[PDB]
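What follows is a short report on a single structure.
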Number of protein chains: 2
Amino acid sequence: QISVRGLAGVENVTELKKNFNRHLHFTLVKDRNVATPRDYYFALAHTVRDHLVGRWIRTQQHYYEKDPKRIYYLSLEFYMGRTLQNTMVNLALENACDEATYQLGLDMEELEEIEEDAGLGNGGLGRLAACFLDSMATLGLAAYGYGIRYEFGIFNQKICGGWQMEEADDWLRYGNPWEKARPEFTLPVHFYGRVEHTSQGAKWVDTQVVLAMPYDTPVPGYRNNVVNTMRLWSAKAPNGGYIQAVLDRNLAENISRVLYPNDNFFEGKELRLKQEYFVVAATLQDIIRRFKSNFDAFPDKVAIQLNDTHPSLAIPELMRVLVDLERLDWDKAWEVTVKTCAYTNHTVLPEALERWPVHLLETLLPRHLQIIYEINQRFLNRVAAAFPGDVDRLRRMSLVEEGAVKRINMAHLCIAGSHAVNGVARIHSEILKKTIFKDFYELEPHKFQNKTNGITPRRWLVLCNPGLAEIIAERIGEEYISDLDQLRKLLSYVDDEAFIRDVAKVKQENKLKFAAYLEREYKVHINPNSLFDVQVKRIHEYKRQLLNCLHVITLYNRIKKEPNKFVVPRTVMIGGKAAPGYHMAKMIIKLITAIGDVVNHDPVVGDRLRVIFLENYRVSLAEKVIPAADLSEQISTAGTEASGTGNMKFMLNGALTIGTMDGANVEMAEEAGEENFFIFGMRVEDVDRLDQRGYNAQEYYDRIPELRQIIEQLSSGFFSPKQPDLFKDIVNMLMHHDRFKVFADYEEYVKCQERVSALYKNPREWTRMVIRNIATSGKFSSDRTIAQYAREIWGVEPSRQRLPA
Amino acid sequence: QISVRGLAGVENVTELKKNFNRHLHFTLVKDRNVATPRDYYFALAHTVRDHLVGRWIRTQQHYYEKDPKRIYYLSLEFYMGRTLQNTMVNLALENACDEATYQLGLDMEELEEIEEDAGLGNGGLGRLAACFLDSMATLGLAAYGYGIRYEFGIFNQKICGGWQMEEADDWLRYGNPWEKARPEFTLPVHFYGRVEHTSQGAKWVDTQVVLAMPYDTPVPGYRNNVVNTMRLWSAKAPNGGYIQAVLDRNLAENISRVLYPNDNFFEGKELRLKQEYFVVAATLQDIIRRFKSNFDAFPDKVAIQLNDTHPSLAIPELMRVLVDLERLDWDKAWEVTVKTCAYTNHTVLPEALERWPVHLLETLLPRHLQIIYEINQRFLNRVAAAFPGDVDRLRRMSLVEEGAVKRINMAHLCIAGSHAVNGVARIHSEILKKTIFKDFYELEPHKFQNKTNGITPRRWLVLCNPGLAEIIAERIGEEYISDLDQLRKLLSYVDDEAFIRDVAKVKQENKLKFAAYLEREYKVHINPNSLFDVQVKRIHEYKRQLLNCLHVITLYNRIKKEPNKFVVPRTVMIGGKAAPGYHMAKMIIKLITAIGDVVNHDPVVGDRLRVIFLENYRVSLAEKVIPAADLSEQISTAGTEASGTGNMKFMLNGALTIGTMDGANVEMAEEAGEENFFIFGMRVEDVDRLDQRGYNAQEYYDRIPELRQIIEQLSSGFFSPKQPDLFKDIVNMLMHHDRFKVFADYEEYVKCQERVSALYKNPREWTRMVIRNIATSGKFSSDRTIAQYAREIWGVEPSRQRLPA
Ligand SMILES: O=C(N[C@@H]1Cc2ccccc2NC1=O)c1cc2cc(Cl)sc2[nH]1
Ligand SMILES: O=C(N[C@@H]1Cc2ccccc2NC1=O)c1cc2cc(Cl)sc2[nH]1
Ligand SMILES: Cc1ncc(COP(=O)(O)O)c(C)c1O
Ligand SMILES: Cc1ncc(COP(=O)(O)O)c(C)c1O
């Protein structure tokens with residue numbers, strides 16, 4: 001069996017079994033005769049959960065007495081996934097549980113498949129939060145994750161008639177064994193009301209209260225005995241007629257009901273604003289109380305990291321508390337606030353920027369608006385002094401945006417109230433300084449940093465790709481698991497026939513296992529001897545699933561033109577959710593399935609090309625498909641993807657990347673060598689030049705016969721005979737309203753895809769290049785990222801020293 | 001210590017402690033340093049809960065293989081109270097837990113005070129359901145309780161400015177250690193839709209589904225190793241825009257949200273009808289499936305007991321299922337149904353009768369209405385044949401009621417679709433036959449029975465009055481605990497000086513403990529050397545808390561007239577909830593407090609009379625005040641209280657009763673001797689005679705100067721100087737619209753109260769009479785009642801044989 005999954009200690013197995021059987025009887029109230037695989041999964045989950053407890057108590061108590069600086073990671077999303085396997089891995093219990101369940105006549109992997117994702121995020125930002133909690137525990141940081149316990153996470157996606165359908169993600173249906181309710185640490189949050197300016201200052205009164213009930217989930221570090229805490233707040237009513245009043249409690253409880261499924265788009269829903277304030281206010285009460293267990297030392301004991309502008313109200317909230325309740329002078333309080341807070345920016349796309357209507361803030365959060373105006377005044381006073389007479393800089397830098405409706409720019413608030421501002425990869429971090437926050441960079445250059453994203457090599461290697469983890473371990477030991485730069489040592493195996501063999505063998509095993517999953521779960525058949533070409537990520541125009549579609553159609557039309565000409569077989573897989581209200585994204589999902597309907601049923605094509613849409617892409621599913629992937633599609637328009645992290649997943653798991661010089665793709669290529677990446681298309685510079693003279697898609701259509709053909713297939717109704725004009729909006733958009741310049745990268749992309757195939761025809765040289773990629777993915781460990789946060793922002797030293805027993 | 005609470009086994013205590021400490025660590029995730037009394041209560045609850053599990057599995061499996069007839073107790077209410085103490089008592093674990101907690105430095109009674117009531121009932125009917133589940137387990141019956149898991153039970157009553165305020169009863173706030181969720185046994189219930197009459201018969205289609213999620217609570221028998229099941233169903237949504245759709249799931253989930261606080265009043269709310277169908281449909285699916293694990297044998301394997309008309313839809317539901325889904329012929333199905341179902345009637349008051357609008361049933365439950373019309377037709381066909389040409393009997397007996405709005409009489413449906421119909425005490429059961437269901441009794445006399453109510457001597461003696469239980473045990477052993485007629489043996493101790501001493505000593509201890517509770521919990525001071533005179537029960541005109549008020553005012557006015565004349569000191573206590581919309585009941589609560597405001601602050605009165613309103617009367621509080629009570633107020637207007645059961649509580653716990661010849665008061669007096677009860681006022685016969693010539697309260701006012709005085713105190717504003725006419729509605733009602741003839745029993749009552757005092761001045765003879773009452777309360781055991789149900793209705797033999805280990 002696999003040594004990286006640890007020891008199956010004889011007494012450990014015995015004890016595991018005993019405790020499994022104990023929970024089944026006492027916790028589940030079952031005999032082996034009525035018990036289902038779900039009961040078996042939960043008995044395991046409880047048994048495994050018990051091993052966290054001693055460390056969870058010991059860790060938190062150890063922070064109480066060492067009194068290190070506390071890091072508070074505020075996020076509206078934690079995209080956690082399942083936790084059974086992760087717990088076993090970080091606790092060295094995996095092989096032991098596997099044996100114990102084996103002796104009881106159970107298949108542990110089958111049991112793991114019953115666990116529901118905690119899918120309390122939308123995409124990258126949400127998952128980064130999750131990898132970050134993991135890496136902070138593994139680096140021995142006294143770090144707390146602080147969010148919302150959504151009753152419903154990211155919608156369950158079904159595909160019906162080729163179309164996405166949304167169903168509620170009822171993830172707490174059968175209970176959550178991993179969380180611990182702390183109803184005794186419940187806290188009041190206030191909304192609405194108004195401000196009384198009197199004698200000991202301002203007073204926020206006549207508010208409506210919503211209670212915040214914390215639920216704590218354990219966050220285990222990798223084999224270091226550290227167990228940190230994720231605290232997620234749940235909304236509760238405080239204590240028409242009686243019945244209606246009792247039923248109307250739902251209204252306040254709706255605050256924590258459901259994750260907003262808008263990935264990188266701003267919607268301006270009040271219920272969202274309530275969700276943001278809810279998490280901010282409850283969290284800060286916790287931070288202060290725990291601090292108190294004078295505020296000059298506050299930034300020496302407290303860091304607040306803002307995952308985007310979503311918890312940006314933490315800035316006026318802290319000020320409110322310090323000034324109104326603690327009665328600090330404004331200036332004192334503001335020094336404290338800025339040194340406490342730092343802000344992570346995740347995207348440059350204007351429509352994802354949070355700009356809340358002033359009337360809304362005035363109504364829901366009156367005292368916060370006042371405070372925000374006062375912040376603006378003093379901040380623009382600073383601008384004016386540093387740049388005398390520069391009036392336009394003033395209106396550009398202003399927290400307040402003028403227009404038919406006045407709004408507050410929440411990014412501006414964050415920069416003003418934070419000592420550090422970071423982007424999430426080098427290219428993105430620089431553009432913040434150069435253009436989009438150029439003015440702020442000019443006022444305070446020292447605020448601006450880079451922290452290039454990362455993924456945890458626990459989840460994203462050991463967990464999901466134990467076969468790859470094992471052949472690496474066979475060569476270089478297990479230290480790389482929490483020291484991922486050691487993967488560099490694998491470059492020395494690039495001519496090693498055993499390693500070349502094993503790497504290819506591991507990938508083929510992962511492909512077989514994925515095929516089996518699709519057959520099991522969907523009765524979908526995929527050609528195992530095909531290049532698995534995978535684009536998985538949220539469905540957006542900027543991510544250009546449509547470019548991928550153009551290519552797929554290109555391959556189909558080329559096959560039909562020259563049927564007799566050999567092409568490398570491909571299974572092209574696309575997966576990802578569209579926001580329920582983004583019509584275009586939903587049209588693109590349908591187009592993917594509609595291409596499959598033609599392509600996958602053409603006898604002339606047979607098994608040399610398949611196109612399939614992976615339903616319900618989510619963390620658990622990523623862990624299945626990514627280790628199976630040959631080609632990693634990372635084809636955003638240059639300038640549009642701040643970083644990405646799926647890109648990193650694929651690199652770590654033995655896929656080659658086809659991509660643009662966008663986001664962290666650039667650094668990955670730098671790390672591996674551009675010779676070892678399929679880089680294509682416009683650079684940022686070329687996109688800009690095209691914007692200066694204006695993007696005319698018609699030029700590209702008039703000069704490329706293959707593209708012209710595809711577009712006429714779409715228009716004429718070749719991919720929807722029953723509904724000839726089904727795809728007119730997509731055609732119109734591409735021809736006349738394409739913000740992401742799909743046609744401009746078509747040729748370079750198709751050519752680059754030809755090189756991909758060319759290489760794939762040479763298995764040895766494909767695998768050698770893959771080795772060059774794995775060996776060089778170390779930079780993309782989230783431990784690396786978190787240690788830069790710790791040293792460059794939070795001002796804490798990380799550590800991988802074991803806590804005792 | 002107390003031997004009736006069992007043995008503190010040395011290894012048992014050791015093990016208890018171990019397991020207490022185990023749960024505190026693994027279940028509560030606490031160290032002894034952060035732990036609160038609430039954590040300590042839950043560690044105990046888990047520790048004690050573990051002792052049910054083996055018996056719960058063993059009991060249910062034993063029913064599977066013995067395959068006895070299953071009893072299904074359908075009730076919209078189970079008024080359970082707390083379960084920690086009850087579990088320890090029935091498991092002989094009380095003294096042991098007390099010692100174990102003692103060795104850990106904890107007071108177990110203090111820990112018990114943290115447990116929230118399961119207050120999922122309103123009053124008598126709800127509590128009878130609870131005593132019944134207990135007695136069925138103790139009699140070894142394969143009995144299932146089937147109801148609704150209300151998110152909110154009976155409202156928490158606060159008193160503010162003398163007025164009742166209602167607050168949500170958030171009883172699941174900190175978790176329910178006692179219940180076990182069975183989400184895997186979730187079931188669909190259908191609403192709305194319409195009927196297709198085709199080929200394999202009718203088809204109910206286009207329904208809206210609400211899921212029913214069962215939660216199972218253990219029901220422990222008294223020391224017989226039996227643990228039966230209470231199954232309570234919780235409403236769940238099945239799987240505007242996305243967000244609103246997810247939020248709109250609340251609407252269906254509102255079905256199980258809150259108990260309707262209408263005690264003995266019919267309101268006609270659709271949400272109520274949904275609650276009734278919900279419980280009926282989910283329950284019957286369970287019954288059928290479990291039966292299947294041909295339907296001629298169905299009544300030999302299934303009894304359905306209907307606790308009032310609330311689950312009366314079980315009758316058309318069973319028919320629906322048998323006919324539409326199982327495709328039995330109508331007649332076959334109807335024979336099955338009638339032999340399965342029996343109906344318990346709880347009140348004769350017309351306004352508590354369920355008569356649902358036909359339009360409502362047509363809309364929510366179309367197929368049920370059809371079936372109900374068909375039932376009516378065939379049933380009235382039977383009437384017509386048995387009573388040819390009797391047309392008015394036809395419209396009187398009809399399930400269908402004519403009027404501006406046509407309704408279905410649910411009582412009529414129950415009698416028609418049930419093989420037995422019972423009242424809840426002898427007098428009530430006879431009046432059903434004589435008058436109110438005279439016509440049905442004449443068609444089918446053999447259907448009509450009596451089952452006089454009872455209370456469990458576990459909860460209502462051993463649990464709540466361990467001191468009384470112990471001195472009884474000292475004389476006659478412990479067999480009486482499940483064989484309550486053995487209390488008769490105590491009549492031989494009526495001249496026993498040790499027993500007389502102990503009985504009085506026990507009561508004084510209970511009074512001290514109650515005083516302490518009021519001082520602790522409310523800083524209310526009561527004179528311990530006073531006669532404790534207690535009227536506790538739901539606030540209603542028929543129960544005549546106002547008569548009690550007249551008396552209290554009488555005593556105050558008599559004191560003030562002759563200050564120097566000795567009177568036996570009294571603390572008069574009134575407690576009970578008013579329905580949020582019953583204005584008059586709410587006015588009566590205020591009047592009680594307002595009398596206290598004058599009386600309790602008159603220096604001339606000092607501590608010789610106090611009037612206090614016991615806030616939040618509920619099962620746990622009954623267990624505190626009833627063992628403390630000297631005088632038990634049971635003063636309903638004759639003819640109006642079908643049985644009562646609080647009356648029985650008081651008799652069992654050493655109070656004397658002042659009462660009318662109403663409900664089970666009559667049988668209690670018969671059991672004890674009328675010499676041993678303070679019986680007063682009109683009998684049913686006198687009430688009737690007064691109705692024939694018309695009740696004129698003015699006569700009573702014009703002939704009784706003391707009454708006249710009190711009424712002028714009310715009118716003139718003596719009990720509300722700030723608001724002189726506060727009590728005008730109460731005055732007007734009593735003078736001109738009194739349905740319950742308060743003035744007609746005033747004189748007899750006041751005189752009878754004089755005899756009460758006369759006796760109380762002779763402690764020995766008071767206690768001897770109390771002995772005569774306790775000794776004769778055996779008939780009022782719910783085991784007795786349940787065994788009559790088992791033998792006379794269900795057709796099963798009860799048993800007190802131990803199940804093994
Ligand atoms: O949910 C937990 N415990 C509760 C406590 C409770 C209180 C009242 C009623 C029932 C229960 N049952 C539990 O399992 C729980 C224990 C642990 C240990 C963890 Cl590590 S994460 C975690 N959650
Ligand atoms: O609530 C119980 N067990 C659950 C099972 C579960 C499933 C998923 C997630 C967490 C948990 N925790 C429990 O305590 C539970 C066990 C028992 C034993 C009883 Cl007797 S009454 C009773 N309730
Ligand atoms: C489920 C899920 N969604 C989104 C992402 C981010 O991927 P990308 O960088 O391709 O948008 C990841 C890594 C993932 O696990
Ligand atoms: C809390 C509670 N309410 C109501 C009742 C019934 O009492 P009564 O027969 O006096 O209405 C009881 C016994 C009780 O425990």
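Identifiers in the structure tokens: chain A, B, ... in order shown; residue index from 1 per chain; ligand index from 1 in order shown.
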Dump the neighbourhood of ligand 2 as JSON, numbers by chain: all residues within 7 Å, distances computed on only C-alpha atoms and all ligand atoms. {"A": [26, 27, 28, 29, 42, 174, 175, 176, 177], "B": [49, 50, 52, 53, 56, 177, 178, 179, 180, 181, 217, 218]}
Deliver the residues from the most recent selection as a file, using N, CA and C atoms, as a compact mmCIF listing (two decimals), in the first residue's frame.
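New file part_39.txt:
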```txt
# COMPACT_ATOMS: atom_id res chain seq x y z
N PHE A 26 -23.97 4.00 19.63
CA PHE A 26 -24.32 5.08 20.54
C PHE A 26 -24.65 6.43 19.86
N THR A 27 -23.99 6.72 18.74
CA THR A 27 -24.16 7.98 18.02
C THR A 27 -25.20 7.85 16.91
N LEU A 28 -25.17 6.73 16.20
CA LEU A 28 -26.11 6.51 15.09
C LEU A 28 -27.31 5.65 15.44
N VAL A 29 -27.25 4.97 16.57
CA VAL A 29 -28.32 4.10 17.03
C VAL A 29 -28.68 3.09 15.94
N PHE A 42 -20.73 8.01 8.56
CA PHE A 42 -20.80 8.88 9.73
C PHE A 42 -20.09 8.31 10.96
N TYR A 174 -28.13 15.89 6.28
CA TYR A 174 -27.89 14.72 7.13
C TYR A 174 -27.00 15.02 8.33
N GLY A 175 -26.86 16.29 8.69
CA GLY A 175 -25.86 16.72 9.68
C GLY A 175 -24.42 16.94 9.16
N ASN A 176 -23.68 17.75 9.91
CA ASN A 176 -22.28 18.11 9.68
C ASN A 176 -21.54 17.65 10.92
N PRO A 177 -20.84 16.51 10.79
CA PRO A 177 -20.11 15.96 11.93
C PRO A 177 -18.90 16.81 12.32
N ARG B 49 -28.33 9.36 28.38
CA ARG B 49 -28.88 8.91 27.09
C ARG B 49 -28.26 7.61 26.59
N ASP B 50 -26.94 7.45 26.75
CA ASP B 50 -26.27 6.21 26.33
C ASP B 50 -26.90 4.94 26.94
N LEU B 52 -30.03 4.29 27.32
CA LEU B 52 -31.27 3.94 26.66
C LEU B 52 -31.04 3.07 25.45
N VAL B 53 -29.85 3.20 24.85
CA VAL B 53 -29.63 2.78 23.45
C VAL B 53 -29.79 1.27 23.18
N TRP B 56 -33.31 0.38 23.46
CA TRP B 56 -34.14 0.97 22.37
C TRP B 56 -34.04 0.10 21.12
N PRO B 177 -30.63 16.67 23.11
CA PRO B 177 -29.83 15.45 23.21
C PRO B 177 -30.67 14.18 23.12
N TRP B 178 -31.98 14.29 23.26
CA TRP B 178 -32.84 13.14 23.49
C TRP B 178 -33.39 12.55 22.20
N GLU B 179 -33.51 13.38 21.17
CA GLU B 179 -34.04 12.98 19.89
C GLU B 179 -32.94 12.45 18.96
N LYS B 180 -33.37 11.60 18.02
CA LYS B 180 -32.53 11.08 16.95
C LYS B 180 -33.17 11.30 15.54
N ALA B 181 -32.49 12.12 14.75
CA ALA B 181 -32.94 12.45 13.43
C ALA B 181 -32.82 11.21 12.57
N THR B 217 -37.67 9.98 19.45
CA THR B 217 -37.30 10.18 20.83
C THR B 217 -37.63 8.87 21.58
N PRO B 218 -36.70 8.45 22.45
CA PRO B 218 -36.92 7.30 23.28
C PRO B 218 -37.99 7.49 24.37
```
What's the 12 Å shell around residue 729 of chain A, counting only C-alpha atoms, without same-chain residues fewer than 5 positions away, as a list in words? residues 583, 584, 585, 586, 587, 588, 591, 711, 714, 715, 734, 735, 736, 737 and 738 of chain A
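With distances taken over only C-alpha atoms, A:58 is the one residue among A:451, A:289, A:58, A:18 lying closest to chain B.
Near residue 171 of chain A, within a cut-off of 8 Å and counting only C-alpha atoms, sit the residues residues 116, 117, 118, 151, 152 and 153 of chain A, with same-chain residues fewer than 6 positions away left out.
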Keeping only C-alpha atoms, write the selected residues as a PDB file, in the first residue's frame.
```
ATOM      1  CA  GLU A 116     -21.293  16.406   1.053  1.00  0.00           C
ATOM      2  CA  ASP A 117     -19.021  19.269   0.053  1.00  0.00           C
ATOM      3  CA  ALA A 118     -18.944  22.339   2.217  1.00  0.00           C
ATOM      4  CA  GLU A 151     -27.589  27.080   4.991  1.00  0.00           C
ATOM      5  CA  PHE A 152     -27.198  26.640   1.222  1.00  0.00           C
ATOM      6  CA  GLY A 153     -23.818  26.848  -0.509  1.00  0.00           C
TER       7      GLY A 153
END
```
Between chain A and ligand 3, at 10 Å or less, what are the per-residue closest atom pairs and their distances in Å? Count only C-alpha atoms and all ligand atoms, order by chain and rising residue number, and return it as CSV.
```
residue,atom,partner,partner_atom_place_in_ligand_line,distance
A:79,CA,ligand 3,1 (C),7.7
A:80,CA,ligand 3,15 (O),9.1
A:81,CA,ligand 3,1 (C),8.4
A:119,CA,ligand 3,1 (C),8.3
A:121,CA,ligand 3,3 (N),8.3
A:122,CA,ligand 3,3 (N),6.6
A:123,CA,ligand 3,4 (C),3.5
A:124,CA,ligand 3,6 (C),3.8
A:125,CA,ligand 3,6 (C),7.6
A:126,CA,ligand 3,4 (C),8.0
A:127,CA,ligand 3,12 (C),6.1
A:128,CA,ligand 3,13 (C),7.9
A:130,CA,ligand 3,15 (O),9.8
A:131,CA,ligand 3,13 (C),9.7
A:263,CA,ligand 3,4 (C),9.7
A:453,CA,ligand 3,9 (O),9.9
A:454,CA,ligand 3,13 (C),9.9
A:455,CA,ligand 3,13 (C),8.0
A:460,CA,ligand 3,15 (O),9.1
A:535,CA,ligand 3,10 (O),7.7
A:536,CA,ligand 3,10 (O),6.0
A:537,CA,ligand 3,10 (O),4.4
A:538,CA,ligand 3,11 (O),6.1
A:539,CA,ligand 3,11 (O),9.0
A:540,CA,ligand 3,11 (O),9.7
A:543,CA,ligand 3,11 (O),8.1
A:575,CA,ligand 3,3 (N),9.7
A:576,CA,ligand 3,3 (N),7.4
A:577,CA,ligand 3,3 (N),8.8
A:616,CA,ligand 3,1 (C),9.1
A:617,CA,ligand 3,1 (C),5.9
A:618,CA,ligand 3,1 (C),3.7
A:619,CA,ligand 3,1 (C),4.0
A:620,CA,ligand 3,1 (C),7.4
A:621,CA,ligand 3,1 (C),7.3
A:622,CA,ligand 3,15 (O),5.5
A:623,CA,ligand 3,15 (O),7.7
A:626,CA,ligand 3,15 (O),9.4
A:632,CA,ligand 3,10 (O),9.3
A:633,CA,ligand 3,10 (O),8.4
A:634,CA,ligand 3,10 (O),6.9
A:635,CA,ligand 3,10 (O),9.5
A:636,CA,ligand 3,10 (O),9.4
A:641,CA,ligand 3,9 (O),8.1
A:642,CA,ligand 3,9 (O),9.2
A:643,CA,ligand 3,9 (O),7.1
A:644,CA,ligand 3,9 (O),3.3
A:645,CA,ligand 3,9 (O),3.9
A:646,CA,ligand 3,7 (O),3.7
A:647,CA,ligand 3,9 (O),5.8
A:648,CA,ligand 3,9 (O),7.9
A:649,CA,ligand 3,13 (C),6.9
A:650,CA,ligand 3,10 (O),9.4
A:663,CA,ligand 3,9 (O),9.2
A:664,CA,ligand 3,9 (O),9.3
```
Grab the residues selected above and save them as a short mmCIF file (atom, residue, chain, number, x, y, z; two decimals), in the first residue's frame with C-alpha atoms.
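Heads up, here's the output in result-v1.cif:
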```cif
data_model
loop_
_atom_site.label_atom_id
_atom_site.label_comp_id
_atom_site.auth_asym_id
_atom_site.auth_seq_id
_atom_site.Cartn_x
_atom_site.Cartn_y
_atom_site.Cartn_z
CA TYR A 79 -14.79 26.74 -0.35
CA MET A 80 -13.87 23.83 1.87
CA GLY A 81 -14.91 20.67 0.10
CA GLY A 119 -19.34 24.42 -1.02
CA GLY A 121 -17.68 29.57 -2.11
CA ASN A 122 -18.08 30.27 -5.83
CA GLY A 123 -14.61 29.73 -7.34
CA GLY A 124 -11.03 30.94 -6.85
CA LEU A 125 -11.31 33.50 -4.04
CA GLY A 126 -13.39 31.02 -2.00
CA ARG A 127 -10.93 28.16 -2.48
CA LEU A 128 -7.93 30.37 -1.84
CA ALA A 130 -9.71 27.30 2.15
CA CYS A 131 -6.09 26.58 1.08
CA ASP A 263 -18.63 34.98 -9.27
CA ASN A 453 -1.60 32.86 -5.05
CA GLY A 454 -1.08 29.23 -4.16
CA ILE A 455 -2.79 25.93 -3.53
CA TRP A 460 -4.18 19.22 -4.17
CA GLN A 535 -11.24 23.37 -19.05
CA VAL A 536 -12.77 23.55 -15.58
CA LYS A 537 -13.63 26.84 -13.86
CA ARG A 538 -16.66 29.16 -13.49
CA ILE A 539 -18.35 29.94 -16.84
CA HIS A 540 -17.50 33.50 -17.98
CA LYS A 543 -12.35 32.76 -19.33
CA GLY A 575 -17.17 22.01 -16.59
CA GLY A 576 -18.17 24.93 -14.38
CA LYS A 577 -21.22 26.77 -13.12
CA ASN A 616 -21.69 20.14 -11.00
CA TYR A 617 -18.02 21.19 -10.99
CA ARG A 618 -17.08 21.64 -7.35
CA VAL A 619 -14.07 20.92 -5.03
CA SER A 620 -14.66 17.13 -4.79
CA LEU A 621 -15.02 16.85 -8.55
CA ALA A 622 -11.84 18.94 -9.18
CA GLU A 623 -9.99 16.38 -7.01
CA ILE A 626 -7.53 17.27 -12.37
CA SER A 632 -4.99 22.20 -18.82
CA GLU A 633 -6.99 24.99 -20.49
CA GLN A 634 -6.08 28.35 -19.08
CA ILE A 635 -7.08 30.61 -21.94
CA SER A 636 -8.39 33.85 -20.40
CA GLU A 641 -7.44 36.68 -14.94
CA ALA A 642 -5.69 38.29 -11.89
CA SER A 643 -3.99 34.98 -10.96
CA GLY A 644 -6.03 31.81 -11.22
CA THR A 645 -5.37 28.76 -9.02
CA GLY A 646 -6.88 25.88 -11.05
CA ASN A 647 -3.91 26.46 -13.36
CA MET A 648 -1.63 25.59 -10.42
CA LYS A 649 -3.68 22.49 -9.62
CA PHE A 650 -3.12 21.08 -13.08
CA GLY A 663 -2.37 35.88 -14.27
CA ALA A 664 -0.03 33.35 -12.63
#
```
As a ChimeraX atom specification, please: all residues of segment 523-622 of chain B that backbone DSSP puts in helix (DSSP H, G or I). /B:545-561,583-599,606-608,619-622
